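Asker: This is the structure I have questions about; it appears just below.
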Amino acid sequence: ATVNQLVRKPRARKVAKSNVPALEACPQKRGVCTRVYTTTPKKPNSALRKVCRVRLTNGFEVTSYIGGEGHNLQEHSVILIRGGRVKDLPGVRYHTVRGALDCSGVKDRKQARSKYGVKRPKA
Amino acid sequence: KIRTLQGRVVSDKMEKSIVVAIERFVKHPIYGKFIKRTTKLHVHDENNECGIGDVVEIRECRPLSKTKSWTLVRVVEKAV
Amino acid sequence: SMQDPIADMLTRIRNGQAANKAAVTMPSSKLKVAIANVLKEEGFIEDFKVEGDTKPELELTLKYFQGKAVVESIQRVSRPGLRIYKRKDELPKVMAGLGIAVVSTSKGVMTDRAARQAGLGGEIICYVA
Amino acid sequence: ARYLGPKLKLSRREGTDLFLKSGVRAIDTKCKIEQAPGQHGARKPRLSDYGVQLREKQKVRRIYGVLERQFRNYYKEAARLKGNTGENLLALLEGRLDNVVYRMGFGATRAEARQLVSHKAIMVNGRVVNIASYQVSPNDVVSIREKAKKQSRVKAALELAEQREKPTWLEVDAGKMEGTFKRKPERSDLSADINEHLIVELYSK
Amino acid sequence: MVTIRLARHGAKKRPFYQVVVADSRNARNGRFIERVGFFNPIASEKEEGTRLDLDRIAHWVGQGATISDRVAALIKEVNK
Amino acid sequence: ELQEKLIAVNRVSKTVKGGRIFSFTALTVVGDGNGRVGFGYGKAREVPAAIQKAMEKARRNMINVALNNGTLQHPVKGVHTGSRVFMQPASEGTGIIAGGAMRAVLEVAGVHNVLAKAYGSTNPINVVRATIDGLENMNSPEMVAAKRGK
RNA sequence: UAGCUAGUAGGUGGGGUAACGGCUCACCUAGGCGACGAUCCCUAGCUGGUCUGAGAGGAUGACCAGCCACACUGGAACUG
RNA sequence: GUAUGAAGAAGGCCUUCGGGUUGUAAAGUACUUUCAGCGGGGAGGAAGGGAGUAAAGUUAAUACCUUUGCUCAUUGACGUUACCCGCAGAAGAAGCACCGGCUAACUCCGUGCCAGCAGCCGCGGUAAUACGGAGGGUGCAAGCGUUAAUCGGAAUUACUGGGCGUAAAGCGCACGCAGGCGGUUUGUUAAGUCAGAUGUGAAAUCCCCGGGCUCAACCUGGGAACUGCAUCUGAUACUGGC
């Protein structure tokens, strides 16, 4: 290659770019939620998926997955969303989380209790 | 010792000054390729024995006006 | 067009020792006879000899080892589009001491070994192994 | 945190004794009568090369009872001073105070020797030491603390240590409960039946 | 003024001092002109636990520089 | 002395007009223990027979290599089409490192002191002959002593 | 992002200022700049460093040091 | 906490039921108490200054101030300090994710193309040890998992260390401005070059080698480098200028 041009314009390569740019370098963000619904999965997986539509304060509007068994969500119910891809959903690169606001407690489990925070018994 | 350069006149359109071009003529530090790298200075001269295309020798001295610090010594090729 | 007098000499050596030639010849110069006297005693050629004085020529007797050339690579590196200068320790190590670098110097054409032994540097001519 | 795993089942698992529940008996040993393979050996699969490394890594760490990040610190300390990562790594584990108390014969197990360090029953240079990770200095004196020098279990560990060979790099007196640590552990008396050609493939990367 | 002072190092409980020539202007831990050695208030088991060039101190006194009482006690700590 | 090694075993499971294959292909190295190295390859129905099919030619295949004091002293490259090898001298108490093929070819040469890397295709049956091409490229100070002068 | 500037380019003189200088007023000559990217926009304080890689390199310059700019917007002068 | 404690108990899990495994674990016994709790004793950070004593201090020997020393009253937010003693008594102190391949740990049950997982593989349509759980196990542990940003794997941006006939691409062809390269011999100047030498290259930080409280964290001495830049005095082959 012409080195007498590399001294003016170097070699350039493709840069890495986010699959979740709407969060803008935050680990989770708040949305009011405009719609809570279900959608049929990608490929022959035959398992109905739970999703919500979220518009963000920065002008983005995206779709999020409702992880953890059991929920109470509606329009204007207010939720937290984070990163993490779902491969069997159309365009769903976001996860909805329930450590904050008004989302109901997850269905209880005896293992892996960090998953959507399985809450300990208390009297 | 003081700093002195050889270069050439590229404009003589003003009376008591000449626009002089100087070069680096050196390798690029990460490519080894020669780079000419021209820079222009607005050099003082009230003698008027030189003009455009003349090869000229200049010296570093004190500022005389805004952004101007270099002055003429001699004509190097003496083509006229 | 015709661009370099040393490529016209190194090609005759490199391709001649690939084609099993006894002795190869090209136009002479002060530099060409200076490097021949290095390549001789460093054991990369078997003889060198000049012919003529007006339009002078140089003939190099090629050297062989175990049915191949005595040389494993003779590389230019210092070329018309890029010349290389090396200082007294900045001199590279060619094939861990199984080869040489050739330096012009202000004090005579020699190896990087002789340049280190003199605390000397200069411009590179070639790297030979 | 503590491992709390089994003492002898692991010795059998790699076919190599860990000086756990086995250092002082030959009869009435309680070692599960040296367990014959039964129908288990016929049903054992081959281990992977990634697993052969891990079997070595865990064995070499657990025989001394040490922390992972400290065992890795010794892998960085064995790389310098022309020490060889395959050679000084063993001597760094062997040179810990918790093993010097063991090689001076004061405890019949490494956990019974580490007990004396962790309960502040040991002193070095006449100063009380509670750090099991301590690297003992050459020509320095290790001794049992005044408030612990009457323990019959230590006199009884020494009653047995008088019947054992000592490391060349240290000495100990069974009366005084005291010994000079002469040198850092040396390859002229340090040997182990471990894969010394395999421990070099660790932490890379 | 230009003064010979102890710069605070060693962090918490066991401080360590670097003896410097510095200007008393503005910043406490500002830039320092020259270092002349180190001082340890804690036992180090070495007879060079504290090191000072008393002739270089005399050279900075030869620049008219100010002395601080803590450095006069350091000159006493090397037994003058 | 024994130096001989097994580099890789590969299970063949495809279906053909003769039925479904249940066979194994092996790759081994041996040498002469005095200055020659070589490799062998072979497929059979049982692994000990595949190892023997390979070993019997690995005991025939030879190339002489310049092995000064059982050590590498210069940087060397080796090539075979899509597979490339690069080997350099290590420091005191350091050595191999690298893929299991290079690890075996150096033991039949008596060598340990090598910093090795592979480039391009990591294919085993090419990277072995590219390593042997890199040993054709290996030089000795004892041979250069017979080249110097005249 | 392809055209930029004409207080701009060169010069001279008055006035002010710690030195120098378009800093400032008035005038004379007619330019100057861009291809090595001026003009325009986006992002960003900079450095010793921080973290990472065998290294070339990559990301990042909080806290701690060595400089900077700023403190509701903008202009201004005075005090030491 | 350390040791010892059985054809191997109570309780579980695997098990045509042979045995296996939890497990020497427990119960039993021995044996030692760190840390903790509480009571007792209690350092160092409190020096520096000040008072007396001494000094032909310097000055004009007892104003200030200085002095190697001696002797004394003094200063604690941290604080129920550090450290040690004493008292029972193993007493008060443990989770997280994973275990079919890459991937170390192994099965058994539930779910049944539904739910639920995933990086690839794809799993699951009622033997998925791939989704939930249990027993055993693996690894790490006051952490462990998850997400975000950005790096190391990456020789896939290219000197170290690639491609353009057919697998990314030689411009359809020629001409050519601006820019780059260019045979030989004898001089000359000494810019580039090479040599010698000095300054500059902060502390901290790193690397390499040491030292300090019982270690490490933390703190700190040494060695090294900062490729260069600035300047001086030489060398003189080759390029540049002549």
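Chain labels follow the order of the structure tokens: the first chain is A, the next B, and so on; residue numbering restarts at 1 in every chain, and ligands are counted from 1 in their shown order.
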Skipping near chain neighbours, those fewer than 2 positions away, what residues fall within 9 Å of stretch 19-26 of chain A using only C-alpha atoms (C1' of nucleotides), listed as a list in words?
Answerer: residues 17, 28, 29, 56, 58, 59, 60, 61, 62, 81, 82, 83, 84, 85, 93 and 94 of chain A; 148 and 149 of chain H
Asker: Name the residues in contact with residue D:115 at a cut-off of 10 Å, using only C-alpha atoms (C1' of nucleotides), excluding same-chain residues fewer than 2 positions from it; report them as a ChimeraX atom specification.
Answerer: /D:98,101,107,109-113,117-122,130,132 /H:1-2,32-34
Asker: Keeping N, CA and C atoms (P, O5', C5', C4', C3', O3' and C1' of nucleotides), export the residues of the selection given above as a PDB file, in the first residue's frame.
Answerer:
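The new file selection_23.pdb reads:
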ATOM      1  N   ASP D  98       3.522 -21.849  58.830  1.00  0.00           N
ATOM      2  CA  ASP D  98       2.581 -22.925  59.084  1.00  0.00           C
ATOM      3  C   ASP D  98       3.099 -24.310  58.687  1.00  0.00           C
ATOM      4  N   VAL D 101       6.520 -24.959  61.445  1.00  0.00           N
ATOM      5  CA  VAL D 101       6.008 -25.554  62.698  1.00  0.00           C
ATOM      6  C   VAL D 101       5.705 -27.031  62.528  1.00  0.00           C
ATOM      7  N   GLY D 107       3.545 -30.688  65.559  1.00  0.00           N
ATOM      8  CA  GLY D 107       2.213 -31.184  65.273  1.00  0.00           C
ATOM      9  C   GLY D 107       2.266 -32.340  64.300  1.00  0.00           C
ATOM     10  N   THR D 109       0.003 -33.348  62.230  1.00  0.00           N
ATOM     11  CA  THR D 109      -0.665 -32.929  60.986  1.00  0.00           C
ATOM     12  C   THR D 109      -0.432 -31.455  60.737  1.00  0.00           C
ATOM     13  N   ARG D 110      -0.520 -30.998  59.483  1.00  0.00           N
ATOM     14  CA  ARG D 110      -0.383 -29.584  59.141  1.00  0.00           C
ATOM     15  C   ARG D 110      -1.459 -28.720  59.809  1.00  0.00           C
ATOM     16  N   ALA D 111      -2.688 -29.183  59.918  1.00  0.00           N
ATOM     17  CA  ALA D 111      -3.748 -28.504  60.669  1.00  0.00           C
ATOM     18  C   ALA D 111      -3.471 -28.394  62.183  1.00  0.00           C
ATOM     19  N   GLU D 112      -2.779 -29.366  62.795  1.00  0.00           N
ATOM     20  CA  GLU D 112      -2.335 -29.366  64.199  1.00  0.00           C
ATOM     21  C   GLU D 112      -1.119 -28.471  64.405  1.00  0.00           C
ATOM     22  N   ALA D 113      -0.346 -28.205  63.350  1.00  0.00           N
ATOM     23  CA  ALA D 113       0.733 -27.244  63.350  1.00  0.00           C
ATOM     24  C   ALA D 113       0.216 -25.819  63.105  1.00  0.00           C
ATOM     25  N   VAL D 117       0.018 -21.664  65.191  1.00  0.00           N
ATOM     26  CA  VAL D 117       0.173 -20.333  64.602  1.00  0.00           C
ATOM     27  C   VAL D 117      -1.107 -19.517  64.798  1.00  0.00           C
ATOM     28  N   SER D 118      -2.250 -20.071  64.456  1.00  0.00           N
ATOM     29  CA  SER D 118      -3.542 -19.380  64.526  1.00  0.00           C
ATOM     30  C   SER D 118      -3.980 -19.060  65.967  1.00  0.00           C
ATOM     31  N   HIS D 119      -3.631 -19.889  66.959  1.00  0.00           N
ATOM     32  CA  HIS D 119      -3.837 -19.618  68.390  1.00  0.00           C
ATOM     33  C   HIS D 119      -2.713 -18.837  69.049  1.00  0.00           C
ATOM     34  N   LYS D 120      -1.822 -18.219  68.271  1.00  0.00           N
ATOM     35  CA  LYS D 120      -0.743 -17.383  68.777  1.00  0.00           C
ATOM     36  C   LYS D 120       0.185 -18.089  69.782  1.00  0.00           C
ATOM     37  N   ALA D 121       0.367 -19.390  69.641  1.00  0.00           N
ATOM     38  CA  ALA D 121       1.194 -20.249  70.496  1.00  0.00           C
ATOM     39  C   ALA D 121       2.650 -20.371  70.007  1.00  0.00           C
ATOM     40  N   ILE D 122       2.980 -19.744  68.877  1.00  0.00           N
ATOM     41  CA  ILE D 122       4.311 -19.723  68.266  1.00  0.00           C
ATOM     42  C   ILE D 122       4.902 -18.335  68.337  1.00  0.00           C
ATOM     43  N   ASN D 130       0.931 -14.643  64.406  1.00  0.00           N
ATOM     44  CA  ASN D 130      -0.382 -15.199  64.097  1.00  0.00           C
ATOM     45  C   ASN D 130      -0.647 -15.403  62.591  1.00  0.00           C
ATOM     46  N   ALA D 132      -0.143 -17.260  59.238  1.00  0.00           N
ATOM     47  CA  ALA D 132       0.238 -18.546  58.672  1.00  0.00           C
ATOM     48  C   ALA D 132       1.028 -18.410  57.354  1.00  0.00           C
TER      49      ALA D 132
ATOM     50  P     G H   1     -14.792 -24.016  63.869  1.00  0.00           P
ATOM     51  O5'   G H   1     -13.333 -24.411  64.342  1.00  0.00           O
ATOM     52  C5'   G H   1     -12.181 -23.831  63.780  1.00  0.00           C
ATOM     53  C4'   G H   1     -10.932 -24.245  64.561  1.00  0.00           C
ATOM     54  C3'   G H   1     -10.395 -25.645  64.316  1.00  0.00           C
ATOM     55  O3'   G H   1      -9.514 -25.633  63.197  1.00  0.00           O
ATOM     56  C1'   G H   1     -10.485 -25.147  66.671  1.00  0.00           C
ATOM     57  P     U H   2      -9.098 -26.932  62.415  1.00  0.00           P
ATOM     58  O5'   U H   2      -8.333 -27.828  63.482  1.00  0.00           O
ATOM     59  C5'   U H   2      -6.943 -27.717  63.692  1.00  0.00           C
ATOM     60  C4'   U H   2      -6.481 -28.663  64.793  1.00  0.00           C
ATOM     61  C3'   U H   2      -6.783 -30.112  64.525  1.00  0.00           C
ATOM     62  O3'   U H   2      -5.916 -30.749  63.593  1.00  0.00           O
ATOM     63  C1'   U H   2      -7.199 -29.525  66.795  1.00  0.00           C
ATOM     64  P     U H  32      -4.310 -29.320  76.460  1.00  0.00           P
ATOM     65  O5'   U H  32      -4.766 -28.155  75.492  1.00  0.00           O
ATOM     66  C5'   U H  32      -3.869 -27.557  74.583  1.00  0.00           C
ATOM     67  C4'   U H  32      -4.562 -26.407  73.867  1.00  0.00           C
ATOM     68  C3'   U H  32      -5.115 -25.352  74.815  1.00  0.00           C
ATOM     69  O3'   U H  32      -4.116 -24.554  75.381  1.00  0.00           O
ATOM     70  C1'   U H  32      -6.598 -25.756  72.997  1.00  0.00           C
ATOM     71  P     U H  33      -4.472 -23.362  76.352  1.00  0.00           P
ATOM     72  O5'   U H  33      -4.972 -22.279  75.285  1.00  0.00           O
ATOM     73  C5'   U H  33      -6.044 -21.385  75.538  1.00  0.00           C
ATOM     74  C4'   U H  33      -6.648 -20.900  74.221  1.00  0.00           C
ATOM     75  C3'   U H  33      -7.580 -19.698  74.324  1.00  0.00           C
ATOM     76  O3'   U H  33      -6.848 -18.516  74.478  1.00  0.00           O
ATOM     77  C1'   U H  33      -8.535 -21.340  72.935  1.00  0.00           C
ATOM     78  P     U H  34      -7.493 -17.099  74.201  1.00  0.00           P
ATOM     79  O5'   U H  34      -7.239 -16.919  72.639  1.00  0.00           O
ATOM     80  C5'   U H  34      -5.925 -16.735  72.131  1.00  0.00           C
ATOM     81  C4'   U H  34      -5.936 -16.506  70.619  1.00  0.00           C
ATOM     82  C3'   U H  34      -6.818 -15.333  70.211  1.00  0.00           C
ATOM     83  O3'   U H  34      -6.243 -14.107  70.523  1.00  0.00           O
ATOM     84  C1'   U H  34      -6.933 -17.103  68.648  1.00  0.00           C
TER      85        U H  34
END
Asker: Within 12 Å of residue B:29, counting only C-alpha atoms (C1' of nucleotides), which residues show up once you throw out same-chain ones fewer than 5 positions away? Write them as a PDB file with C-alpha atoms (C1' of nucleotides), in the first residue's frame, please.
Answerer:
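What landed in around_23.pdb:
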ATOM      1  CA  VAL A   7       1.720   9.329   6.433  1.00  0.00           C
TER       2      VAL A   7
ATOM      3  CA  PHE B  34      10.431  10.834   3.488  1.00  0.00           C
ATOM      4  CA  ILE B  35       8.083  13.807   4.179  1.00  0.00           C
TER       5      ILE B  35
ATOM      6  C1'   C H 159       6.571  -1.786  10.346  1.00  0.00           C
ATOM      7  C1'   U H 227      14.032   5.491  22.451  1.00  0.00           C
ATOM      8  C1'   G H 228      14.007  11.735  22.200  1.00  0.00           C
TER       9        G H 228
END
Asker: Residues of chain F no more than 12 Å from chain C, counting only C-alpha atoms: send them over as a list in words.
Answerer: residues 72, 73, 74, 75, 76, 77, 88, 89, 136, 137, 138, 139, 140, 141, 142, 143, 144, 145, 146, 147, 148, 149 and 150 of chain F
Asker: Would you pick out the contacts of stretch 22-36 of chain D at 8 Å or less, using only C-alpha atoms (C1' of nucleotides), so that residues sharing its chain but fewer than 2 positions from it are not included, and give the list as a ChimeraX atom specification?
Answerer: /D:8,17,19-20,38,108-109
Asker: Atoms to include: N, CA and C atoms. Write the selected residues as a PDB file, in the first residue's frame.
Answerer:
ATOM      1  N   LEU D   8      -9.071 -38.177  53.839  1.00  0.00           N
ATOM      2  CA  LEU D   8      -8.446 -39.324  53.156  1.00  0.00           C
ATOM      3  C   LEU D   8      -9.056 -39.685  51.804  1.00  0.00           C
ATOM      4  N   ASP D  17      -0.978 -39.863  48.802  1.00  0.00           N
ATOM      5  CA  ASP D  17      -1.180 -39.504  50.203  1.00  0.00           C
ATOM      6  C   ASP D  17      -0.852 -38.050  50.489  1.00  0.00           C
ATOM      7  N   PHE D  19      -0.566 -36.705  53.709  1.00  0.00           N
ATOM      8  CA  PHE D  19      -0.243 -36.661  55.139  1.00  0.00           C
ATOM      9  C   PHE D  19      -1.457 -36.299  56.028  1.00  0.00           C
ATOM     10  N   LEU D  20      -2.649 -36.657  55.582  1.00  0.00           N
ATOM     11  CA  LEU D  20      -3.932 -36.461  56.262  1.00  0.00           C
ATOM     12  C   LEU D  20      -4.408 -37.796  56.814  1.00  0.00           C
ATOM     13  N   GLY D  38     -13.801 -52.251  43.861  1.00  0.00           N
ATOM     14  CA  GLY D  38     -15.142 -52.799  43.774  1.00  0.00           C
ATOM     15  C   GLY D  38     -15.670 -52.768  42.340  1.00  0.00           C
ATOM     16  N   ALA D 108       1.511 -33.382  64.583  1.00  0.00           N
ATOM     17  CA  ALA D 108       1.499 -34.588  63.770  1.00  0.00           C
ATOM     18  C   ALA D 108       0.724 -34.453  62.441  1.00  0.00           C
ATOM     19  N   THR D 109       0.003 -33.348  62.230  1.00  0.00           N
ATOM     20  CA  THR D 109      -0.665 -32.929  60.986  1.00  0.00           C
ATOM     21  C   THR D 109      -0.432 -31.455  60.737  1.00  0.00           C
TER      22      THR D 109
END
Asker: Compile the contact shell of residue C:123 as a ChimeraX atom specification: residues with an atom at most 10 Å away, counting only C-alpha atoms (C1' of nucleotides), same-chain residues fewer than 3 positions apart removed.
Answerer: /C:78,83-87,102-106,109,126 /H:193-194,237-238
Asker: Can you write out the residues you just picked, keeping N, CA and C atoms (P, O5', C5', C4', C3', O3' and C1' of nucleotides), as a PDB file, in the first residue's frame?
Answerer:
ATOM      1  N   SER C  78      18.261  -1.606   3.242  1.00  0.00           N
ATOM      2  CA  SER C  78      18.685  -0.254   2.937  1.00  0.00           C
ATOM      3  C   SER C  78      18.640  -0.023   1.422  1.00  0.00           C
ATOM      4  N   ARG C  83      16.598   4.335   3.378  1.00  0.00           N
ATOM      5  CA  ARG C  83      17.925   4.049   3.947  1.00  0.00           C
ATOM      6  C   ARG C  83      17.858   3.920   5.472  1.00  0.00           C
ATOM      7  N   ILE C  84      18.684   3.030   6.018  1.00  0.00           N
ATOM      8  CA  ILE C  84      18.730   2.682   7.445  1.00  0.00           C
ATOM      9  C   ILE C  84      20.087   3.033   8.024  1.00  0.00           C
ATOM     10  N   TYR C  85      20.078   3.802   9.101  1.00  0.00           N
ATOM     11  CA  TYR C  85      21.243   4.116   9.900  1.00  0.00           C
ATOM     12  C   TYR C  85      21.170   3.420  11.265  1.00  0.00           C
ATOM     13  N   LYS C  86      22.283   2.848  11.729  1.00  0.00           N
ATOM     14  CA  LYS C  86      22.394   2.122  13.006  1.00  0.00           C
ATOM     15  C   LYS C  86      23.591   2.606  13.800  1.00  0.00           C
ATOM     16  N   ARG C  87      23.346   2.909  15.073  1.00  0.00           N
ATOM     17  CA  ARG C  87      24.318   3.304  16.091  1.00  0.00           C
ATOM     18  C   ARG C  87      24.961   2.105  16.811  1.00  0.00           C
ATOM     19  N   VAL C 102      26.121  -5.573   7.384  1.00  0.00           N
ATOM     20  CA  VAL C 102      27.224  -4.856   6.744  1.00  0.00           C
ATOM     21  C   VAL C 102      26.974  -3.362   6.813  1.00  0.00           C
ATOM     22  N   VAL C 103      27.965  -2.641   7.294  1.00  0.00           N
ATOM     23  CA  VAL C 103      27.918  -1.213   7.563  1.00  0.00           C
ATOM     24  C   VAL C 103      28.985  -0.503   6.736  1.00  0.00           C
ATOM     25  N   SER C 104      28.653   0.657   6.174  1.00  0.00           N
ATOM     26  CA  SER C 104      29.564   1.455   5.355  1.00  0.00           C
ATOM     27  C   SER C 104      30.648   2.165   6.141  1.00  0.00           C
ATOM     28  N   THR C 105      30.224   2.838   7.210  1.00  0.00           N
ATOM     29  CA  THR C 105      30.968   3.681   8.144  1.00  0.00           C
ATOM     30  C   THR C 105      31.783   4.802   7.504  1.00  0.00           C
ATOM     31  N   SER C 106      32.156   5.778   8.309  1.00  0.00           N
ATOM     32  CA  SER C 106      33.137   6.765   7.909  1.00  0.00           C
ATOM     33  C   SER C 106      34.565   6.191   7.834  1.00  0.00           C
ATOM     34  N   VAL C 109      34.337  -0.096   5.207  1.00  0.00           N
ATOM     35  CA  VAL C 109      33.245  -1.051   5.149  1.00  0.00           C
ATOM     36  C   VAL C 109      33.581  -2.277   6.003  1.00  0.00           C
ATOM     37  N   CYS C 126      23.533  -4.184   3.743  1.00  0.00           N
ATOM     38  CA  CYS C 126      22.758  -5.404   3.679  1.00  0.00           C
ATOM     39  C   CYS C 126      22.837  -6.245   4.974  1.00  0.00           C
TER      40      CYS C 126
ATOM     41  P     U H 193      20.321  12.266  11.821  1.00  0.00           P
ATOM     42  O5'   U H 193      21.492  11.408  11.176  1.00  0.00           O
ATOM     43  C5'   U H 193      21.266  10.269  10.398  1.00  0.00           C
ATOM     44  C4'   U H 193      22.589   9.673   9.926  1.00  0.00           C
ATOM     45  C3'   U H 193      23.429   9.213  11.107  1.00  0.00           C
ATOM     46  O3'   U H 193      22.954   7.997  11.604  1.00  0.00           O
ATOM     47  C1'   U H 193      24.760  10.248   9.455  1.00  0.00           C
ATOM     48  P     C H 194      22.832   7.701  13.151  1.00  0.00           P
ATOM     49  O5'   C H 194      24.340   7.440  13.563  1.00  0.00           O
ATOM     50  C5'   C H 194      25.042   6.292  13.129  1.00  0.00           C
ATOM     51  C4'   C H 194      26.541   6.453  13.319  1.00  0.00           C
ATOM     52  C3'   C H 194      26.985   6.832  14.713  1.00  0.00           C
ATOM     53  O3'   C H 194      26.865   5.822  15.697  1.00  0.00           O
ATOM     54  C1'   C H 194      28.178   8.022  13.084  1.00  0.00           C
ATOM     55  P     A H 237      35.369  10.093   2.822  1.00  0.00           P
ATOM     56  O5'   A H 237      34.489   8.971   2.186  1.00  0.00           O
ATOM     57  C5'   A H 237      34.862   7.610   2.277  1.00  0.00           C
ATOM     58  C4'   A H 237      33.640   6.717   2.380  1.00  0.00           C
ATOM     59  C3'   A H 237      32.476   7.082   1.459  1.00  0.00           C
ATOM     60  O3'   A H 237      32.576   6.527   0.159  1.00  0.00           O
ATOM     61  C1'   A H 237      31.729   6.696   3.692  1.00  0.00           C
ATOM     62  P     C H 238      31.974   7.294  -1.094  1.00  0.00           P
ATOM     63  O5'   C H 238      30.417   7.446  -0.800  1.00  0.00           O
ATOM     64  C5'   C H 238      29.559   6.347  -0.958  1.00  0.00           C
ATOM     65  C4'   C H 238      28.143   6.661  -0.461  1.00  0.00           C
ATOM     66  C3'   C H 238      27.427   7.869  -1.078  1.00  0.00           C
ATOM     67  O3'   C H 238      26.855   7.685  -2.360  1.00  0.00           O
ATOM     68  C1'   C H 238      27.071   7.748   1.273  1.00  0.00           C
TER      69        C H 238
END
Asker: Which chain E residues are at most 10 Å from chain G (counting only C-alpha atoms (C1' of nucleotides)), as a VMD selection string?
Answerer: chain E and resid 29 to 31
Asker: When you count only C-alpha atoms (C1' of nucleotides), which of these residues is closest to residue B:19: G:64, G:9, G:41, G:35?
Answerer: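 Using only C-alpha atoms (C1' of nucleotides), residue B:19 sits closest to G:9.
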Asker: May I ask which of the residues H:64, H:181, H:7, H:208 is the closest one to chain C, counting only C-alpha atoms (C1' of nucleotides)?
Answerer: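 Using only C-alpha atoms (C1' of nucleotides), chain C sits closest to H:181.
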Asker: Quick one: everything within 10 Å of residue D:145, counting only C-alpha atoms (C1' of nucleotides), minus sequence neighbours fewer than 6 positions away in the same chain. Send it as a list in words.
Answerer: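 Listed by chain and then number, they are residues 116, 120, 121, 122, 123, 124, 126, 127, 128, 129, 177 and 178 of chain D.
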